[PDB]
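Q: This is the structure, below, for whatever I ask next.
Cβ atoms come from the backbone with ideal geometry, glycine included; neighbour counts cover every protein chain shown. Please treat every number below as a calculation from the coordinates, not as lab data.
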Amino acid sequence: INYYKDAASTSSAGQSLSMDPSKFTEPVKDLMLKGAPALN
Amino acid sequence: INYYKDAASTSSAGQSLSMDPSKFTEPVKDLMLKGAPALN
Amino acid sequence: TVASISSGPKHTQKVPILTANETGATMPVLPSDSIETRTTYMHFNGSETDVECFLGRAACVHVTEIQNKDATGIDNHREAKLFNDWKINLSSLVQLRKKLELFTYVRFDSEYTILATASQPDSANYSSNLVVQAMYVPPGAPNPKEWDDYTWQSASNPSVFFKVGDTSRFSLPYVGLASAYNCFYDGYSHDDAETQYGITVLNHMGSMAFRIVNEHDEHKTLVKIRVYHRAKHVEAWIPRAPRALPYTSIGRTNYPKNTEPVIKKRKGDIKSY
Amino acid sequence: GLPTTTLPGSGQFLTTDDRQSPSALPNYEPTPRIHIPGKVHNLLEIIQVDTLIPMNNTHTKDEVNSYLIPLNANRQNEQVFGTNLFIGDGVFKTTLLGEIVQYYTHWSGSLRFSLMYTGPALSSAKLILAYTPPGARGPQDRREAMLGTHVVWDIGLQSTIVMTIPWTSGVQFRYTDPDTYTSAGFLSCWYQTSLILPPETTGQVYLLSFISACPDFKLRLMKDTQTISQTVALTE
Amino acid sequence: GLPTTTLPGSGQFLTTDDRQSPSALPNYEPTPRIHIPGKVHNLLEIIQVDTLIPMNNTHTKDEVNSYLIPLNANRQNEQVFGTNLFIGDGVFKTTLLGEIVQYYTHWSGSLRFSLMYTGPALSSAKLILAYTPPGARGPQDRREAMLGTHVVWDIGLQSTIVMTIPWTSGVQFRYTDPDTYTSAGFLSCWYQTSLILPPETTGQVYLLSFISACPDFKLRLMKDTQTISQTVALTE
Amino acid sequence: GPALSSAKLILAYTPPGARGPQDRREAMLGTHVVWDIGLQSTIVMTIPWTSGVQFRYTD
Amino acid sequence: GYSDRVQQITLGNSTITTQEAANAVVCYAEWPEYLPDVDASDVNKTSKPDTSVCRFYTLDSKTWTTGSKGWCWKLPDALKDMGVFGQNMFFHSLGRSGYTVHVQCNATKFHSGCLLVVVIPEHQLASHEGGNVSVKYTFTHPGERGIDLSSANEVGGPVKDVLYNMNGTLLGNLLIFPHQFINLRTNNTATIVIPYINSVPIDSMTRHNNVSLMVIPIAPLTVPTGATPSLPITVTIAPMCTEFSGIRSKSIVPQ
C-alpha cells in the first residue's frame, strides 16, 4: 500500500533479476564459441 | 480514505489539468488565424 | 538451477580451455570443462548483490554543527555557527563515495534521515529542548544571512522542523538536470582557459541550511547534525575500476603525492605461498 | 489494541507534506461560489502572455524609457541592441516571465521574442534579429550574427515580428539563476538595410520588445524568489 | 480513534530498513531517461569480467612489473610462481574480484584463473598449473603438485589457458577475510618441459595472469571494505 | 619481401583539385587503403572515377 | 576460409585491411546509431554529413621503445582538426558521434611485447599536485598529439603515472573497460567500435570529451638481437553516425 502520492516516496525497488554479463564479458563483434578455436 | 467528516479537512486537491491560456493570450473579439494577415 | 552438471572423462579435438585473451572477451569456462564433476544445485539467487541493494542502505554523508546562543552582538551568524548550510554531495565522506564510483552514471531517488543530538560542554542547569529547522535551498533562492532572516519563512522552499534527539526523514525525487548524475565528467563548463575541470552541475543535488528555532537560554547548547542518505530506485551504467588511492577533494579524481604502494609486497618470493 | 512501531520522522513537520486534519469549524457552510471571469489554473497559462522587456536598461533610475529601444535613420551595417539570455536576470528579470521563472529552479523550452515598430507610417526599415546558441561569443558584427538563428524583419503594415529562440541544448534543463554550463546564448539585432524617415520627419524612432514562453516550456522544482525580502513583519 | 500499542524498537533508525517517506518536492517531474549503453544490474555481472593479478608482488613500490610473471629459457622441473587462495587478501586483493569480494562477508563458487603467454611466436613451452585443495601444504615440487587439480598447458597459437579452481569444500561458504577453517588451498605453476627461445632471441619472457569468477559464484552478507578510509571530511 | 618480415603501407588517391600530397596526413584525407602485408601477397586499390566532365583526354 | 584474423572495414572513401586481427570489440555490445526522436530534446533538425565526416583519419605515429610508458588520446579532441569533421565540430553548438578505432603495430615472430588498447568512458584525469588543483583545459585537449605518459609533469597538467590510470585506480583493472590486447606473437591490430555514451542526448564537442583511448605497453617490447630497439604504433580513427546541431558562428577555444 503506498500512503503517499509521489513515486519517489515508495520503498526500495525489488530485484532486477535481470543479469546479463555478456555486454561486459563478451563484447566481441564476431561470436566466439567455447571449444572452437579462438583464432581461425 | 477520509478520516474526517468535513471537506476542509481533506488533503490538497489534485491537478487541474485544465490549462487554457486563450482567455489571457487571445481575448480578441474577431478570431485571428496564425499565418493570415493580422490586419486586413 | 544447476551449479555444476555431471561430466566425465574427455579426449577431444574440442578444447574449451584454450582461448585468446587478446580479443577482449572472458570466455565462460566452468569446472566441468576441465575436471570430472557431479551435479550440484545453486540454492542461491544473487539477491543481495543487486545494485538496488548495494546502494540502498543509509550511509552517513555529512556531519555539521550549529549552536544556540545569544546572538546579541554577533556580526556574522554564519560564522558563529548560529546557523549553517551544506551543498549536498555524496563524495565528502569516502565510504559511500567509493561504492558509487564503481559506476559512471547513476540515477536514483534519495531518502534523507537527519539525526540531531545536543551537547552541553560547559555547566548548564539543564538540557533545553530545541527544535531544528532544515531548509532545502535550491540554487537561486535567497540564502539565509542571519539565523532569523525572512529567508526562514520558506514560503516556497521545502523545510522540515524536528526536535534535537529525534530524527527527520523525507525523500527527494531524482533532481538531476540530465538523465543520470555523472559520477565522473571529463569536461569543463565552457571552453575557458582557466575554468575548473571535473566538478560539474551535472551532479548537483541542491543544498540545505540548518538552524535552531529556539531563542537562547542562559547556557550554550551545541547541536551536531548528521545527514544519512539512502538511494532508492537505483539505475547504474558503465562499471569502472574501483578506487585504489585515497581521495583528496570533493569532485576531483586527484590522489595525494608520495602516497604508499597500494599492492602488498610479498614476504618472500614470487614462489612463496 | 493493535501493535504498532513508529519510524524515523515521526513528529516532524515538513512544510510540503499533504495530509488530513480535523476541521476547527465542524459543520460550517462556506459561501456559494458565483462565476468570476479569469480563472487561472497553471502558472504555465500566464507565462504565455507577452509583456514588455526594459531592454534599454542604460538609465540610472527606473523610467518609461528603458522600455524603448531607439533606432537611428540612415545607419547601415550597425548594431541595434544585444543581451545574453539569462531569463532569470538582467533585462528579463522584472518581466512576468522572468518573475515567474524565479519561483522555479530549472526551465526548458522555447521563448518567443517579438519587436513592435512605432515609427511614422511613411518610414521603412529592414532589421535582422539573431539568436546565437551557446558555445560562441555574443556576435560582434552582422556577419558573425547572421550565421546563427536569425529573421530578416521587413517593417510594414504588419507592425510586429515574432522571433522564437528555439530550445538549443545538450542538457534538457537549464538553471533559472545564471549558470555557465547551463547558459543559453545571446540575442542581437542589426540594421539589414537601414531605417529611412519620410520628409518633414525627424529624430529617433523606437521599437517596443516583448517576451513570453512557447507552449513548449517547462519549469520545475519550486523555490523562493530573490525578488522580495523584508526586515520586520509589516503591521496594519 | 483506533486503539494501538507501540512495540520495542519504536523510534529507532536502522540504516537497512526500507519504508515509505513523504516527498519533499511534491509533484516534481524528473528528467526523462534516455538510453545509455552499459547498464549494470548485479555485482555478479561484473565479477565475471577478468582483470590482471599483480602476481609478481615482490617489488617495493607499485609498478607495471608486478603484473609480469617472468619465465626463464631452458630451466627444467622448476617452479614458476605460487600463491595461496585468500581471494580477499594478498595478490587478489586489488583485482576487481578481490575488490568486490571485500564488500561481502562470505563467498562460495568456482574461480577462473587464466595465463596469457607473451613470448616470441617462434618459442615454445609446456607449463603445468596445479590447484591444491585445502588440507595439504603448498606443493614443494611438481611431483607433489601434479597429484591435485592441474592442467598441462601447451603454448601455441592459442595464447591463453583458462584454469578453473573448482569449488572444493566441506562447508558451503568461506569467509572473504582470510580464515583458517575456511581456507581454500594453493595455486602453483611449474615447467612441464621448459621454455625454449628461437635463435637471435634472448632473455626473459612474461606471462600475464587474470582472475574472474565462474557463473557458480555466490557472495553474501554485505559489509564495509577495509580498502578505503579517511581522517577528515573532504571539501571542494 | 621475405616471408618473416611485416609492413603496413597506405595507398592514397587524391582527386583532381588539390596538389600531390606532401605528407601522409595530407594523403590520408582522400581515397586510401591501409594495406597490411600478409599471407595474401597483393593489394588491389581502385581509383574510382571521380569527375565532373564524363570523359577525360588520354593525352 | 574466413578467419577472425583477416578483416576489411570500409567507411566512406577509406578502407583498412588487417591480415592479423583478434576479432573486434563493440563497446557494451552496442553499435553506433543516430539519435532517436524519443530521446531528443533540442528542437533543431541535425546535420549528417555522412561520408565526408565518417571516414578514417590516421593520427601521427608514436614510437614504442623499451622505455615507453603509454599514450592517451581524448575523443572528439584527437580529431578536432581532421578535414570536415573538425570544421563541423567548431561550427555547431552541439554534435554527437560513435567511432571505429583501429590501433596498428606489426613486428616479426622474434619480437615480444604486448600493448593494452582500452576505451574509458568519461576519463576525468587527476592533477599531480593533489588536493583540489584542477587540470587546465589545454592539458586535457592535446589534439592529435595525445598525452605521453612518459613526458614530465607540467603545471596545470594531469598526473602521468601509469599504475594509476591517471585517476587513482589500478592499471590491472582497466580490463573492466572495452579493450583488446596487441600481443606481437598473436595480433598486429586492435579494433574497437564505440557507440555514443553520455547522460545527455547530444552535448558540446569542445567542452567535454567523452572517451579517452589509451594504448599502454604492459609486457615490454623485446626485439631480436641487434634489431633496432623500437616499433612505431599508428592510431587510425573514424567518426561514425556523426550528427551536428545548432549551427552558428564558430567556437573560439583556449590556446
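Every residue, every condition in (1) surrounded by fewer than 18 Cβ atoms within 10 Å (Cβ to Cβ); (2) touching a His at 6+ places or on another chain (Cβ under 8 Å), yes or no:
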{"position": "C:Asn45", "(1), (2)": "yes, no"}
{"position": "C:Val51", "(1), (2)": "no, yes"}
{"position": "C:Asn68", "(1), (2)": "no, yes"}
{"position": "C:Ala71", "(1), (2)": "yes, yes"}
{"position": "C:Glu79", "(1), (2)": "yes, no"}
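Q: Suppose we filter the range C:207-261 for residues that are within 18 Å of the chain's Cα centre (by Cα) and away from chain G (no Cβ under 14 Å); how many remain?
A: Number satisfying all stated conditions: 12.
Q: Restricting to the range G:170-211, name every residue that is of a type in the set (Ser, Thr, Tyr) and facing chain C (nearest Cβ under 7 Å).
A: G:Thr186, G:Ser199, G:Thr206
Q: Can you run down the residue pairs with Cβ atoms below 7 Å, 6 or more apart or on separate chains, where the first is in the range G:99-113 and in contact (Cβ under 8 Å) with a residue 60 or more places away in the chain and the partner is hydroxyl-bearing (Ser, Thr, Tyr) and assigned to a loop (DSSP other than H, G, I, E, B)?
A: Once the first residue is in contact (Cβ under 8 Å) with a residue 60 or more places away in the chain and sits in the range G:99-113, its partners that are hydroxyl-bearing (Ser, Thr, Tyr) and assigned to a loop (DSSP other than H, G, I, E, B) give G:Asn106/F:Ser6; G:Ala107/F:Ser6; G:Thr108/F:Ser5; G:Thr108/F:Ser6; G:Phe110/E:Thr201; G:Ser112/E:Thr118.
Q: Which pairs do you get when a residue that is in contact (Cβ under 8 Å) with a residue 12 or more places away in the chain, found in the range B:19-40, comes within reach of a residue that is hydroxyl-bearing (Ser, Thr, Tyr) and in a loop (DSSP other than H, G, I, E, B), reach meaning Cβ atoms under 9 angstrom, with the pair 6+ apart or on two chains?
A: Within 9 Å, no pair qualifies.
Q: While we're here: Select from the range C:13-28 the residues that are within 7 Å of chain A (Cβ to nearest Cβ) and charged (D, E, K, R) and list them in ascending order.
A: Residue satisfying the conditions is C:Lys14 alone.
Q: State which residue is nearest to C:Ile225 (Cα to Cα) when the search covers only the range C:155-168 and only residues that are outside any strand (DSSP E or B) and within 27 Å of the chain's Cα centre (by Cα).
A: Within the range C:155-168, the match that is nearest to C:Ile225 (Cα to Cα) is C:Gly165.
Q: If a residue must be more than 9 Å from chain G (Cβ to nearest Cβ), farther than 23 Å from C:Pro239 by Cβ and either β-branched (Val, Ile, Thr) or not in a loop (DSSP other than H, G, I, E, B) (or both), how many such residues does the range E:32-69 contain?
A: Number satisfying all stated conditions: 3.
Q: Does the range G:56-103 hold any residues that are polar (S, T, N, Q), under 18 Å from G:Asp148 (Cα atoms) and under 10 Å from the mean Cα position of the chain (by Cα), and which are they?
A: Once the filter is applied, which keeps residues that are polar (S, T, N, Q), under 18 Å from G:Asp148 (Cα atoms) and under 10 Å from the mean Cα position of the chain (by Cα), the range G:56-103 yields nothing.
Q: Which one of these does D:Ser10 not meet: (1) within 12 Å of another protein chain (Cβ to nearest Cβ); (2) buried (at least 16 other Cβ atoms within 10 Å of the Cβ)?
A: Unmet condition: (2).
Q: Of all residues in the range E:110-159, which are part of a loop (DSSP other than H, G, I, E, B) and more than 8 Å from every other protein chain (Cβ to nearest Cβ)?
A: E:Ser123, E:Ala125, E:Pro133, E:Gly135, E:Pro139, E:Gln140, E:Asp141, E:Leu147, E:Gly148, E:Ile155
Q: Which of the residues belonging to the range C:231-273 are out of contact with any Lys or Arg (no Cβ under 6 Å at 6 or more places or on another chain) and of a type in the set (D, E, K, R)?
A: Across the range C:231-273, the qualifying residues are C:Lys232, C:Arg240, C:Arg252, C:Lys257, C:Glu260, C:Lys264, C:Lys265, C:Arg266, C:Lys267, C:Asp269, C:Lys271.
Q: Also, quick follow-up: Taking D:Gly98 as the residue in question, decide whether it is within 13 Å of another protein chain (Cβ to nearest Cβ), assigned to a helix (DSSP H, G or I) and out of contact with any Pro (no Cβ under 7 Å at 6 or more places or on another chain).
A: Working: within 13 Å of another protein chain (Cβ to nearest Cβ): yes; assigned to a helix (DSSP H, G or I): yes; out of contact with any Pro (no Cβ under 7 Å at 6 or more places or on another chain): yes.
Here the answer is yes, as D:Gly98 does meet what is asked.
Q: So, in the range G:108-119, of the ones that are hydrophobic (A, V, I, L, M, F, W, C) and touching a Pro at 6+ places or on another chain (Cβ under 9 Å), which residue ends up farthest from G:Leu59 (Cα to Cα)?
A: Ranking the qualifying residues of the range G:108-119, first place goes to G:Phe110.
Q: For residues that are farther than 26 Å from E:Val162 by Cβ, facing another protein chain (nearest Cβ under 7 Å) and not small (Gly, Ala, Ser), tally how many sit in the range A:6-40.
A: Adding up the residues that qualify gives 3.
Q: Also, I was wondering about something else. What number of residues within the range G:233-246 are more than 12 Å from the chain's Cα centre (by Cα) and either aliphatic (A, V, I, L, M) or within 7 Å of another protein chain (Cβ to nearest Cβ) (or both)? Write out each step before concluding.
A: Of all residues in the range G:233-246, those more than 12 Å from the chain's Cα centre (by Cα) come to G:233, G:240-246.
Pick out the ones that are also either aliphatic (A, V, I, L, M) or within 7 Å of another protein chain (Cβ to nearest Cβ) (or both) and you get G:233, G:240, G:246.
Summing the residues that are more than 12 Å from the chain's Cα centre (by Cα) and either aliphatic (A, V, I, L, M) or within 7 Å of another protein chain (Cβ to nearest Cβ) (or both) in the range G:233-246 gives 3.
Q: For the range C:164-181, give me the residue count where each residue is facing chain D (nearest Cβ under 7 Å) and farther than 25 Å from G:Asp39 by Cα. Working first, answer last.
A: Going through the range C:164-181, the residues facing chain D (nearest Cβ under 7 Å) turn out to be C:166-170, C:175, C:177-178.
If we keep only those that are farther than 25 Å from G:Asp39 by Cα as well, we get C:166-170.
Residues that pass the stated criteria total 5.
Q: Do any strands (runs of 3 or more DSSP E) lying entirely in the range C:39-139 carry at least 2 residues that are among the β-branched types (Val, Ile, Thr), and which ones are they? It would help to see each step written out before you state the result.
A: Numbers: elements: C:59-68, C:83-87, C:103-119, C:131-136.
Qualifying strands (runs of 3 or more DSSP E): C:59-68, C:103-119, C:131-136.
Q: Within the range G:202-232, count every residue that is part of a loop (DSSP other than H, G, I, E, B), among the aliphatic types (A, V, I, L, M) and within 18 Å of the chain's Cα centre (by Cα).
A: Going through the range G:202-232 one residue at a time, the tally reaches 1.
Q: Quick check on the range G:24-36: of everything there that is in a loop (DSSP other than H, G, I, E, B) and in contact (Cβ under 8 Å) with a residue 24 or more places away in the chain, which residue is farthest from the other protein chains (Cβ to nearest Cβ)?
A: G:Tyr34
Q: Based on what the data block shows, is E:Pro198 touching a strand residue (DSSP E or B) at 6+ places or on another chain (Cβ under 6 Å) and closer than 30 Å to G:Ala21 by Cα?
A: No.
Q: Any idea how many residues of the range G:144-190 are touching a residue at least 40 places away in the same chain (Cβ under 8 Å), assigned to a strand (DSSP E or B) and among the polar types (S, T, N, Q)?
A: The total comes to 3.
Q: Quick one: how many residues across the range G:203-230 are out of contact with any helix residue (DSSP H, G or I) (no Cβ under 9 Å at 6 or more places or on another chain), crowded, with 21+ Cβ neighbours inside 10 Å and among the aliphatic types (A, V, I, L, M)?
A: So the count comes out to 4.
Q: Restricting to the range C:182-206, what's the tally of residues that are part of a loop (DSSP other than H, G, I, E, B) and more than 10 Å from chain G (Cβ to nearest Cβ)?
A: 3
Q: Would you mention how many residues in the range G:201-233 are of a type in the set (A, V, I, L, M) and farther than 29 Å from F:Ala7 by Cβ?
A: 3
Q: Another one. Any residue at all in the range C:145-155 that is within 14 Å of chain G (Cβ to nearest Cβ) and farther than 29 Å from C:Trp237 by Cβ? Steps first, please.
A: Quick first cut of the range C:145-155, residues within 14 Å of chain G (Cβ to nearest Cβ) only: none.
For the range C:145-155, residues within 14 Å of chain G (Cβ to nearest Cβ) and farther than 29 Å from C:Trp237 by Cβ: absent.
Yes or no, residue by residue, for (1) in contact with a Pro (Cβ under 7 Å, 6 or more places away or on another chain); (2) facing chain C (nearest Cβ under 9 Å); (3) surrounded by fewer than 21 Cβ atoms within 10 Å (Cβ to Cβ):
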| site | (1), (2), (3) |
| --- | --- |
| G:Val84 | yes, no, yes |
| G:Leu94 | no, no, no |
| G:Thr100 | no, no, no |
| G:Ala126 | yes, yes, no |
| G:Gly130 | yes, yes, yes |
| G:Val135 | yes, yes, no |
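Q: Additional query: Does C:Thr19 qualify as being more than 27 Å from the chain's Cα centre (by Cα) and within 30 Å of C:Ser7 (Cβ to Cβ)?
A: Taking the combined requirement at face value, the residue satisfies it.
Q: Every residue in the range D:184-201 that is surrounded by fewer than 18 Cβ atoms within 10 Å (Cβ to Cβ) and touching a residue at least 12 places away in the same chain (Cβ under 8 Å), please.
A: Correct list: D:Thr193, D:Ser194, D:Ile196, D:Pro198, D:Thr201.
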